[PDB]
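Below is coords.pdb, which holds PDB, N, CA, C and O atoms.
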ATOM      1  N   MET A   1      10.599  -8.311  -4.771
ATOM      2  CA  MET A   1       9.370  -7.540  -5.114
ATOM      3  C   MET A   1       9.422  -7.129  -6.587
ATOM      4  O   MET A   1      10.478  -7.055  -7.184
ATOM      5  N   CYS A   2       8.290  -6.863  -7.178
ATOM      6  CA  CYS A   2       8.275  -6.459  -8.614
ATOM      7  C   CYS A   2       7.893  -4.981  -8.725
ATOM      8  O   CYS A   2       7.682  -4.310  -7.734
ATOM      9  N   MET A   3       7.803  -4.469  -9.922
ATOM     10  CA  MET A   3       7.434  -3.037 -10.091
ATOM     11  C   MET A   3       6.258  -2.702  -9.166
ATOM     12  O   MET A   3       5.496  -3.571  -8.790
ATOM     13  N   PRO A   4       6.154  -1.446  -8.833
ATOM     14  CA  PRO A   4       5.052  -1.025  -7.943
ATOM     15  C   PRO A   4       3.702  -1.406  -8.556
ATOM     16  O   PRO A   4       3.624  -2.226  -9.449
ATOM     17  N   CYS A   5       2.638  -0.812  -8.085
ATOM     18  CA  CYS A   5       1.301  -1.134  -8.639
ATOM     19  C   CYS A   5       0.525   0.160  -8.892
ATOM     20  O   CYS A   5      -0.426   0.470  -8.202
ATOM     21  N   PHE A   6       0.923   0.914  -9.878
ATOM     22  CA  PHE A   6       0.208   2.186 -10.180
ATOM     23  C   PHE A   6       0.331   2.492 -11.673
ATOM     24  O   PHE A   6       0.535   3.621 -12.071
ATOM     25  N   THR A   7       0.212   1.491 -12.502
ATOM     26  CA  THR A   7       0.325   1.723 -13.968
ATOM     27  C   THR A   7      -0.887   1.114 -14.676
ATOM     28  O   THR A   7      -1.437   0.122 -14.243
ATOM     29  N   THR A   8      -1.304   1.700 -15.764
ATOM     30  CA  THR A   8      -2.478   1.156 -16.502
ATOM     31  C   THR A   8      -3.636   0.925 -15.531
ATOM     32  O   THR A   8      -3.672   1.472 -14.446
ATOM     33  N   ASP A   9      -4.584   0.116 -15.915
ATOM     34  CA  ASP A   9      -5.745  -0.156 -15.022
ATOM     35  C   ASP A   9      -6.374  -1.494 -15.407
ATOM     36  O   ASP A   9      -6.703  -2.306 -14.565
ATOM     37  N   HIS A  10      -6.544  -1.727 -16.677
ATOM     38  CA  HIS A  10      -7.153  -3.010 -17.127
ATOM     39  C   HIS A  10      -6.054  -4.058 -17.323
ATOM     40  O   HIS A  10      -6.310  -5.165 -17.753
ATOM     41  N   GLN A  11      -4.833  -3.719 -17.009
ATOM     42  CA  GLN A  11      -3.722  -4.698 -17.177
ATOM     43  C   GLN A  11      -2.580  -4.349 -16.217
ATOM     44  O   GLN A  11      -1.459  -4.121 -16.627
ATOM     45  N   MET A  12      -2.856  -4.309 -14.941
ATOM     46  CA  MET A  12      -1.788  -3.979 -13.954
ATOM     47  C   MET A  12      -1.466  -5.223 -13.128
ATOM     48  O   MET A  12      -0.330  -5.645 -13.032
ATOM     49  N   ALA A  13      -2.464  -5.813 -12.530
ATOM     50  CA  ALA A  13      -2.228  -7.032 -11.705
ATOM     51  C   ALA A  13      -2.111  -8.256 -12.617
ATOM     52  O   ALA A  13      -2.049  -9.379 -12.157
ATOM     53  N   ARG A  14      -2.081  -8.052 -13.905
ATOM     54  CA  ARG A  14      -1.967  -9.207 -14.839
ATOM     55  C   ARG A  14      -0.507  -9.663 -14.916
ATOM     56  O   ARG A  14      -0.205 -10.718 -15.436
ATOM     57  N   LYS A  15       0.403  -8.877 -14.407
ATOM     58  CA  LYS A  15       1.841  -9.274 -14.462
ATOM     59  C   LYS A  15       2.475  -9.161 -13.072
ATOM     60  O   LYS A  15       3.561  -9.653 -12.841
ATOM     61  N   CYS A  16       1.815  -8.524 -12.145
ATOM     62  CA  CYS A  16       2.397  -8.396 -10.778
ATOM     63  C   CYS A  16       2.403  -9.771 -10.107
ATOM     64  O   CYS A  16       3.443 -10.315  -9.795
ATOM     65  N   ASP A  17       1.249 -10.336  -9.888
ATOM     66  CA  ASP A  17       1.184 -11.677  -9.243
ATOM     67  C   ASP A  17       2.141 -12.630  -9.958
ATOM     68  O   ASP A  17       2.889 -13.357  -9.336
ATOM     69  N   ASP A  18       2.112 -12.640 -11.263
ATOM     70  CA  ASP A  18       3.008 -13.555 -12.026
ATOM     71  C   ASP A  18       4.473 -13.229 -11.722
ATOM     72  O   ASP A  18       5.305 -14.109 -11.626
ATOM     73  N   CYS A  19       4.798 -11.975 -11.571
ATOM     74  CA  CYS A  19       6.212 -11.608 -11.276
ATOM     75  C   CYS A  19       6.711 -12.436 -10.095
ATOM     76  O   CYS A  19       7.827 -12.918 -10.085
ATOM     77  N   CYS A  20       5.892 -12.598  -9.096
ATOM     78  CA  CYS A  20       6.314 -13.388  -7.906
ATOM     79  C   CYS A  20       6.170 -14.885  -8.190
ATOM     80  O   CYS A  20       6.952 -15.690  -7.724
ATOM     81  N   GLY A  21       5.181 -15.269  -8.948
ATOM     82  CA  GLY A  21       4.999 -16.717  -9.253
ATOM     83  C   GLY A  21       3.664 -16.927  -9.969
ATOM     84  O   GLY A  21       3.604 -17.525 -11.025
ATOM     85  N   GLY A  22       2.593 -16.438  -9.408
ATOM     86  CA  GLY A  22       1.270 -16.608 -10.054
ATOM     87  C   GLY A  22       0.375 -17.482  -9.176
ATOM     88  O   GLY A  22       0.819 -18.071  -8.211
ATOM     89  N   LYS A  23      -0.885 -17.571  -9.504
ATOM     90  CA  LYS A  23      -1.810 -18.407  -8.690
ATOM     91  C   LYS A  23      -2.064 -17.730  -7.342
ATOM     92  O   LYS A  23      -2.328 -18.379  -6.350
ATOM     93  N   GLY A  24      -1.988 -16.428  -7.297
ATOM     94  CA  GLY A  24      -2.228 -15.713  -6.012
ATOM     95  C   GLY A  24      -0.913 -15.584  -5.242
ATOM     96  O   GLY A  24      -0.904 -15.389  -4.043
ATOM     97  N   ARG A  25       0.200 -15.690  -5.920
ATOM     98  CA  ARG A  25       1.510 -15.570  -5.218
ATOM     99  C   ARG A  25       2.114 -14.196  -5.496
ATOM    100  O   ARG A  25       3.313 -14.036  -5.584
ATOM    101  N   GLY A  26       1.284 -13.204  -5.631
ATOM    102  CA  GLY A  26       1.788 -11.830  -5.904
ATOM    103  C   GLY A  26       0.608 -10.888  -6.149
ATOM    104  O   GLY A  26      -0.250 -11.150  -6.967
ATOM    105  N   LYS A  27       0.553  -9.792  -5.439
ATOM    106  CA  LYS A  27      -0.579  -8.842  -5.633
ATOM    107  C   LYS A  27      -0.097  -7.404  -5.428
ATOM    108  O   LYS A  27       1.076  -7.148  -5.229
ATOM    109  N   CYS A  28      -1.002  -6.463  -5.481
ATOM    110  CA  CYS A  28      -0.620  -5.035  -5.301
ATOM    111  C   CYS A  28      -0.765  -4.642  -3.822
ATOM    112  O   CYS A  28      -1.848  -4.341  -3.362
ATOM    113  N   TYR A  29       0.306  -4.638  -3.066
ATOM    114  CA  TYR A  29       0.192  -4.260  -1.630
ATOM    115  C   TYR A  29       0.515  -2.775  -1.465
ATOM    116  O   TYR A  29       1.663  -2.381  -1.430
ATOM    117  N   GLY A  30      -0.488  -1.947  -1.360
ATOM    118  CA  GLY A  30      -0.232  -0.491  -1.195
ATOM    119  C   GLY A  30       0.645   0.006  -2.344
ATOM    120  O   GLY A  30       0.344  -0.214  -3.500
ATOM    121  N   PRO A  31       1.709   0.659  -1.976
ATOM    122  CA  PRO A  31       2.638   1.184  -3.001
ATOM    123  C   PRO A  31       3.820   0.227  -3.188
ATOM    124  O   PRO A  31       4.952   0.644  -3.335
ATOM    125  N   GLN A  32       3.566  -1.054  -3.184
ATOM    126  CA  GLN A  32       4.677  -2.033  -3.364
ATOM    127  C   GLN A  32       4.110  -3.384  -3.806
ATOM    128  O   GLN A  32       3.273  -3.964  -3.144
ATOM    129  N   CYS A  33       4.570  -3.895  -4.916
ATOM    130  CA  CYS A  33       4.069  -5.213  -5.397
ATOM    131  C   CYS A  33       4.905  -6.324  -4.755
ATOM    132  O   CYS A  33       6.114  -6.342  -4.869
ATOM    133  N   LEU A  34       4.279  -7.245  -4.071
ATOM    134  CA  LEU A  34       5.060  -8.336  -3.419
ATOM    135  C   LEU A  34       4.401  -9.690  -3.694
ATOM    136  O   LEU A  34       3.401  -9.781  -4.376
ATOM    137  N   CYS A  35       4.962 -10.743  -3.161
ATOM    138  CA  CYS A  35       4.380 -12.097  -3.379
ATOM    139  C   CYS A  35       3.341 -12.385  -2.293
ATOM    140  O   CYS A  35       3.143 -11.598  -1.388
ATOM    141  N   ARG A  36       2.676 -13.505  -2.371
ATOM    142  CA  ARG A  36       1.654 -13.835  -1.340
ATOM    143  C   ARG A  36       2.302 -13.814   0.046
ATOM    144  O   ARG A  36       3.392 -14.343   0.177
TER     145      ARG A  36
END

For this file, produce the structure as structure tokens.
Amino acid sequence: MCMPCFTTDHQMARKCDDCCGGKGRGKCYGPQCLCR
């Protein structure tokens, strides 16, 4: 899993999905960033 999902706003999911892989392989799930 990557850093949580509660930072910034116009640039938060821009690195979460990529942390797992990218192309929809990572999003903000509640209070925990995980892969698809």

Picked from chain A by DSSP as helix (DSSP H, G or I), as an MDAnalysis selection string: chainID A and resid 13:20

Picked residues, the PyMOL selection byres ((chain A and resi 3) around 7), expected as a list in words: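 Applied to this file, the PyMOL selection byres ((chain A and resi 3) around 7) returns residues 1, 2, 4, 5, 6, 16, 27, 31, 32, 33 and 34 of chain A.
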
Contacts of residue A:36 within 8 Å, only N, CA, C and O atoms, excl. fewer than 6 positions in-chain, as a list in words: residues 17, 20, 21, 22, 23, 24, 25, 26 and 27 of chain A

Taking every listed atom of stretch 3-13 of chain A and adding 3 Å to each side, what centre and edge lengths in Å (one decimal) does the axis-aligned box have, as JSON?
{"center_x": 0.3, "center_y": -2.9, "center_z": -12.8, "size_x": 21.0, "size_y": 19.0, "size_z": 15.8}

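Here atom O of residue A:10 stands at a distance of 16.1 Å from atom N of residue A:29.
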
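Between atom CA of residue A:8 and atom C of residue A:35 lies a distance of 20.5 Å.
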